[PDB]
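J.: This structure is in structure tokens; I'll ask about it shortly.
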Amino acid sequence: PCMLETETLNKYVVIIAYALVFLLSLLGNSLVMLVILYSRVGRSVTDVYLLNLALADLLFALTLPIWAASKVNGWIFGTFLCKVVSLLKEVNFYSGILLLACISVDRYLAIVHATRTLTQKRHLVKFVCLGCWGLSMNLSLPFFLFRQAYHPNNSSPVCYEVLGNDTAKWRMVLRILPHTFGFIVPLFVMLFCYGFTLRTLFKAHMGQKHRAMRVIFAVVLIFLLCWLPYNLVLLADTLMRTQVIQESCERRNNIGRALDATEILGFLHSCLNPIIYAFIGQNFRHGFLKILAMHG
């Protein structure tokens with residue numbers, strides 16, 4: 001029962017406004033979700049995200065009825081607040097750690113140790129995702145135990161990163177290890193190592209076969225260009241006390257608007273794709289120009 005506080009919860013309503021504002025593209029997502037995976041020419045840095053996206057969009061949407069169910073009834077019911085939203089998140093945090101894994105996994109069918117010996121490229125990566133998760137599970141295991149919380153907030157199953165220090169368990173770490181160190185540290189490291197790896201594969205990088213890797217970091221960084229300061233400054237902000245806190249439900253929920261934000265940024269997984277595609281080609285140049293002259 002988060003009904004402990006006030007009902008209006010003006011912060012949370014604004015998010016509902018977003019959820020419907022975002023739902024409308026969301027409907028595009030089942031269309032965009034299915035098309036790209038079934039689009040043969042859709043196997044870029046996003047292809048990994050598209051498999052995740054179906055899960056991220058499905059697991060989320062399957063759970064979306066629960067979200068209106070959280071406002072329709074008036075309260076919340078289940079363990080869906082952390083069991084779904086933080087749950088899918090944590091994989092999303094880990095996804096980035098894991099993303100290079102998928103890069104090495106997918107390259108492998110292309111360069112080293114291709115599959116087990118006779119198998120599709122896909123079946124492997126699902127199963128690799130399965131092994132990969134397990135190391136990740138151990139990282140996510142603390143929360144099932146005592147880290148973070150299954151505490152409620154407002155009228156929606158929205159979980160976000162950990163609330164306080166909690167040094168016994170270092171719950172503090174979720175903001176720092178999965179989040180900060182999951183993108184920013186390997187991101188710098190890639191940049192450090194990149195000159196090093198370029199030592200042999202300096203320019204050699206045709207198509208998504210190898211180049212994807214530069215792009216991989218770009219797209220995270222592009223995406224984080226926009227997701228980094230709001231999520232960072234939100235997370236810093238809630239933890240930088242003195243500010244928004246007159247109730248956990250609103251400030252813990254509005255902070256969860258961010259859960260849809262990774263859904264919304266995900267549509268870029270189909271825009272940096274045609275763009276990087278378009279970059280090498282040259283017919284694409286005037287193609288975007290084409291309609292622009294005509295406006296219609």
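Labels for the structure tokens follow display order: chains A, B, ..., residues from 1 in each chain, ligands from 1.
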For the interface of range 82-197 of chain A with range 263-279 of chain A (cut-off 12 Å, counting only C-alpha atoms), please tabulate each contacting residue of range 82-197 of chain A alongside its nearest pair of atoms and their separation in Å to one decimal, rows sorted by chain and increasing number, as CSV.

T.:
```
residue,atom,partner,partner_atom,distance
A:85,CA,A:263,CA,11.5
A:88,CA,A:263,CA,11.1
A:89,CA,A:263,CA,10.4
A:92,CA,A:263,CA,10.5
```

J.: For range 147-214 of chain A versus range 14-34 of chain A, which residues have an atom no more than 12 Å away, and what is each residue's nearest atom pair and distance in Å rounded to one decimal, using only C-alpha atoms, chain-then-number order, as a tab-separated table?

T.:
```
residue	atom	partner	partner_atom	distance
A:154	CA	A:15	CA	11.1
A:155	CA	A:16	CA	9.8
A:156	CA	A:16	CA	9.3
A:158	CA	A:15	CA	11.1
```

J.: What does the distance from CA of residue 116 in chain A to CA of residue 128 in chain A come to in Å, to one decimal?

T.: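 About the pair CA of residue 116 in chain A and CA of residue 128 in chain A: they are 11.1 Å apart.
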
J.: Using 12 Å as the limit and counting only C-alpha atoms, can you tabulate each residue of range 91-171 of chain A that touches range 36-53 of chain A, with its shortest atom-to-atom distance in Å and the two atoms involved, as JSON lines?

T.:
```
{"residue": "A:91", "atom": "CA", "partner": "A:52", "partner_atom": "CA", "distance": 9.3}
{"residue": "A:92", "atom": "CA", "partner": "A:52", "partner_atom": "CA", "distance": 8.5}
{"residue": "A:94", "atom": "CA", "partner": "A:52", "partner_atom": "CA", "distance": 11.8}
{"residue": "A:95", "atom": "CA", "partner": "A:52", "partner_atom": "CA", "distance": 8.6}
{"residue": "A:96", "atom": "CA", "partner": "A:49", "partner_atom": "CA", "distance": 9.9}
{"residue": "A:98", "atom": "CA", "partner": "A:48", "partner_atom": "CA", "distance": 10.2}
{"residue": "A:99", "atom": "CA", "partner": "A:48", "partner_atom": "CA", "distance": 7.5}
{"residue": "A:100", "atom": "CA", "partner": "A:45", "partner_atom": "CA", "distance": 10.1}
{"residue": "A:101", "atom": "CA", "partner": "A:48", "partner_atom": "CA", "distance": 10.4}
{"residue": "A:102", "atom": "CA", "partner": "A:48", "partner_atom": "CA", "distance": 7.1}
{"residue": "A:103", "atom": "CA", "partner": "A:45", "partner_atom": "CA", "distance": 8.3}
{"residue": "A:104", "atom": "CA", "partner": "A:48", "partner_atom": "CA", "distance": 11.7}
{"residue": "A:105", "atom": "CA", "partner": "A:48", "partner_atom": "CA", "distance": 10.6}
{"residue": "A:106", "atom": "CA", "partner": "A:48", "partner_atom": "CA", "distance": 9.2}
{"residue": "A:107", "atom": "CA", "partner": "A:45", "partner_atom": "CA", "distance": 11.7}
{"residue": "A:121", "atom": "CA", "partner": "A:43", "partner_atom": "CA", "distance": 11.8}
{"residue": "A:122", "atom": "CA", "partner": "A:51", "partner_atom": "CA", "distance": 9.9}
{"residue": "A:123", "atom": "CA", "partner": "A:51", "partner_atom": "CA", "distance": 11.8}
{"residue": "A:125", "atom": "CA", "partner": "A:48", "partner_atom": "CA", "distance": 9.2}
{"residue": "A:126", "atom": "CA", "partner": "A:51", "partner_atom": "CA", "distance": 8.9}
{"residue": "A:129", "atom": "CA", "partner": "A:52", "partner_atom": "CA", "distance": 9.9}
```

J.: What is the distance between CA of residue 151 in chain A and CA of residue 54 in chain A, in Å to one decimal?

T.: 27.6 Å

J.: Which residues are near range 66-83 of chain A? Cut-off 7 Å, only C-alpha atoms, ignore same chain within fewer than 3 positions. Put them as a list in words.

T.: residues 1, 3, 63, 86, 87, 150, 152, 155, 156, 157, 158 and 159 of chain A

J.: Have a look at A:288, A:124, A:84, A:226 and name the one nearest to residue 57 in chain A; count only C-alpha atoms.

T.: A:84
